[PDB]
Amino acid sequence: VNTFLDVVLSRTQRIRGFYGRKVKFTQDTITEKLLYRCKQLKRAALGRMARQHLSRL
Amino acid sequence: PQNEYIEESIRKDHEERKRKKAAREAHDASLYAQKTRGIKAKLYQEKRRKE
Amino acid sequence: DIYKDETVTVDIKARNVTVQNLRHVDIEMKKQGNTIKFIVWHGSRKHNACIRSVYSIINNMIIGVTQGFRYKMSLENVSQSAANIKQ
Amino acid sequence: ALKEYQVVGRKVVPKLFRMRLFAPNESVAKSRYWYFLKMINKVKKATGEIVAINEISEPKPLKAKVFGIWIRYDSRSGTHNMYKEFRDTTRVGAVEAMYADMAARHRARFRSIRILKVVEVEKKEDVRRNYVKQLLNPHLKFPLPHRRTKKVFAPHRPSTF
RNA sequence: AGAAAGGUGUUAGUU
């Protein structure tokens, strides 16, 4: 799961709107897979967010 | 097929390669860290520090 | 190291140790008797790393020249050729 | 060049303090002694006075010896103590090597280095340096390395052998 | 190259 989150982070990888698109795109890509104040909110969102038997039968 | 087909087939140089890979793992990790660059370098450094 | 000396003919003309060559690394040969006193006079740790390889390489070549056998299952050259054949 | 100097001084029947230190000339020696005394027994430079400043030669200048030198380093943290051994023929000769070595490896200045003590180790067993022990082998015999040797444009290529 | 910490890269030392 942690590797998948890292893979999702790797896949994911005005300024307020541009960061908002970055905030949306980074989370939406994780959702699809599943300035300082603005950057603090962006870090807060990331911080808060952060078969075999059948095949062998 | 069915059930553990791979295990059944095996029962019915892998060790040497695994030993060579394990021995070379110590040098590979140091080389990878030295040759790492960009954001992946930070991720590799963070993973090594955590470990 | 201050002195990291080690051990047909052993003629060491132009660093060629023709019995073979040793031009690649500055280590002496000196052809001391039957052996080749492969001396290092205050060199570098790279020379210490090379001599351990050179000593085995020279011995393997000498062993291969005397009796190389087959070892199916030229020392480094045979092993590389066998690996190339396997690949 | 460096020179050994024995400095004896005392505050104006106060106890006399004598010590051996290495300075280019007398004036550096007396100031260095006062700075050393200032940080040891807290004696003011203005109050104190020098009673004797003598130069010291090497009693056996043509005999190879091994000198062990204890010094105090000042670094980025400004606190370090080391011990190093040098093989040469003079106490002042080893000190120059000590100063040259540390200014080389550790990027030091003459002011940040203070000599704690210098001794002459005459026992081969007491030597703790591998290079010193190797140089003291009875079979010391090595070819001279780093030889490399106006009249530019020489006629024939150098032999260099 | 040069004018927080990682490296089975190196050289001198401490416990």
# chains A, B, ... in the order shown; residues from 1 in each chain; ligands from 1
>>> interface_residues(of="chain E", to="chain B", cutoff="7 Å", atoms="only C-alpha atoms (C1' of nucleotides)", output="PyMOL selection string")
chain E and resi 6-8
>>> residues_around(residues="stretch 5-21 of chain B", least_positions_apart="3", cutoff="9 Å", atoms="only C-alpha atoms (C1' of nucleotides)", output="PyMOL selection string")
(chain A and resi 56-57) or (chain B and resi 1-2+24-25)
>>> residues_around(residues="stretch 35-45 of chain C", least_positions_apart="3", cutoff="6 Å", atoms="only C-alpha atoms (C1' of nucleotides)", output="PyMOL selection string")
chain C and resi 1-7+27-32+48
>>> select_by_dssp(residues="chain D", states="strand (DSSP E or B)", output="VMD selection string")
chain D and resid 3 to 11 17 to 23 48 to 56 65 to 73 80 to 88 114 to 121
>>> write_last_selection(atoms="C-alpha atoms", output="short mmCIF file (atom, residue, chain, number, x, y, z; two decimals), in the first residue's frame")
data_model
loop_
_atom_site.label_atom_id
_atom_site.label_comp_id
_atom_site.auth_asym_id
_atom_site.auth_seq_id
_atom_site.Cartn_x
_atom_site.Cartn_y
_atom_site.Cartn_z
CA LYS D 3 63.15 27.93 16.64
CA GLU D 4 62.85 26.46 20.12
CA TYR D 5 62.64 29.07 22.87
CA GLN D 6 62.59 28.61 26.65
CA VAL D 7 60.53 31.36 28.29
CA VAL D 8 60.59 31.98 32.04
CA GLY D 9 58.47 34.70 33.59
CA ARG D 10 56.42 35.69 36.61
CA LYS D 11 54.22 38.49 37.89
CA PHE D 17 56.92 29.52 35.30
CA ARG D 18 59.18 28.10 32.58
CA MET D 19 58.05 26.40 29.40
CA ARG D 20 59.36 25.42 25.98
CA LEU D 21 57.56 26.73 22.90
CA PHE D 22 58.38 27.12 19.22
CA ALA D 23 58.36 30.55 17.59
CA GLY D 48 53.63 40.10 34.46
CA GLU D 49 57.20 40.28 33.23
CA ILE D 50 59.71 38.00 31.51
CA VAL D 51 62.81 37.12 33.51
CA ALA D 52 64.61 34.92 30.97
CA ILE D 53 64.21 34.14 27.26
CA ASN D 54 66.73 31.60 25.97
CA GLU D 55 67.12 29.81 22.66
CA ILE D 56 67.44 26.02 22.69
CA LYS D 65 64.78 10.09 16.45
CA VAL D 66 61.01 9.79 16.79
CA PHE D 67 59.08 12.66 18.39
CA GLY D 68 55.60 12.33 19.85
CA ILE D 69 53.70 15.61 19.89
CA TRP D 70 50.48 16.28 21.80
CA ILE D 71 48.61 19.41 20.69
CA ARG D 72 45.22 21.10 21.06
CA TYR D 73 43.23 21.81 17.90
CA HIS D 80 39.96 18.77 19.70
CA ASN D 81 43.01 16.91 21.02
CA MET D 82 45.36 14.75 18.96
CA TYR D 83 48.72 12.98 19.17
CA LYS D 84 51.05 12.45 16.21
CA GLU D 85 54.53 11.01 15.80
CA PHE D 86 57.26 12.27 13.48
CA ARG D 87 60.67 10.80 12.66
CA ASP D 88 63.40 13.38 12.04
CA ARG D 114 49.02 25.20 20.87
CA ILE D 115 51.69 22.62 21.68
CA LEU D 116 50.72 20.64 24.76
CA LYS D 117 53.89 18.54 25.03
CA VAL D 118 56.64 17.16 22.81
CA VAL D 119 58.59 14.06 23.83
CA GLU D 120 61.30 11.89 22.27
CA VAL D 121 60.22 8.24 22.12
#
>>> select_by_dssp(residues="chain B", states="helix (DSSP H, G or I)", output="number ranges by chain")
B: 5-11, 14-35, 38-50
>>> interface_residues(of="chain E", to="chain C", cutoff="12 Å", atoms="only C-alpha atoms (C1' of nucleotides)", output="NGL selection string")
:E and (9-11)
>>> atom_distance(atom1="atom CA of residue D:59", atom2="atom CA of residue D:28")
23.3 Å
>>> residues_around(residues="residue D:99", least_positions_apart="2", cutoff="9 Å", atoms="only C-alpha atoms (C1' of nucleotides)", output="ChimeraX atom specification")
/D:94-97,101-104,108-110,113
>>> write_last_selection(atoms="C-alpha atoms", output="PDB file, in the first residue's frame")
ATOM      1  CA  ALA D  94      59.176  17.767  13.688  1.00  0.00           C
ATOM      2  CA  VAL D  95      57.217  20.840  14.788  1.00  0.00           C
ATOM      3  CA  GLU D  96      57.447  22.367  11.312  1.00  0.00           C
ATOM      4  CA  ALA D  97      56.192  19.067   9.910  1.00  0.00           C
ATOM      5  CA  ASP D 101      50.730  18.598   8.148  1.00  0.00           C
ATOM      6  CA  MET D 102      47.797  20.077  10.037  1.00  0.00           C
ATOM      7  CA  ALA D 103      47.579  23.184   7.865  1.00  0.00           C
ATOM      8  CA  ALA D 104      47.427  20.672   5.000  1.00  0.00           C
ATOM      9  CA  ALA D 108      44.891  25.069  10.352  1.00  0.00           C
ATOM     10  CA  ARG D 109      46.602  28.323  11.299  1.00  0.00           C
ATOM     11  CA  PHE D 110      49.537  28.848  13.642  1.00  0.00           C
ATOM     12  CA  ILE D 113      47.458  25.399  17.413  1.00  0.00           C
TER      13      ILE D 113
END
>>> interface_residues(of="chain A", to="chain B", cutoff="10 Å", atoms="only C-alpha atoms", output="list in words")
residues 6, 10, 13, 53, 54, 55, 56 and 57 of chain A
>>> atom_distance(atom1="atom CA of residue D:131", atom2="atom CA of residue D:93")
17.7 Å
>>> closest_residue(among="D:16, D:27, D:129, D:58", to="residue E:13", atoms="only C-alpha atoms (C1' of nucleotides)")
D:129
>>> atom_distance(atom1="atom CA of residue C:17", atom2="atom CA of residue C:58")
9.2 Å
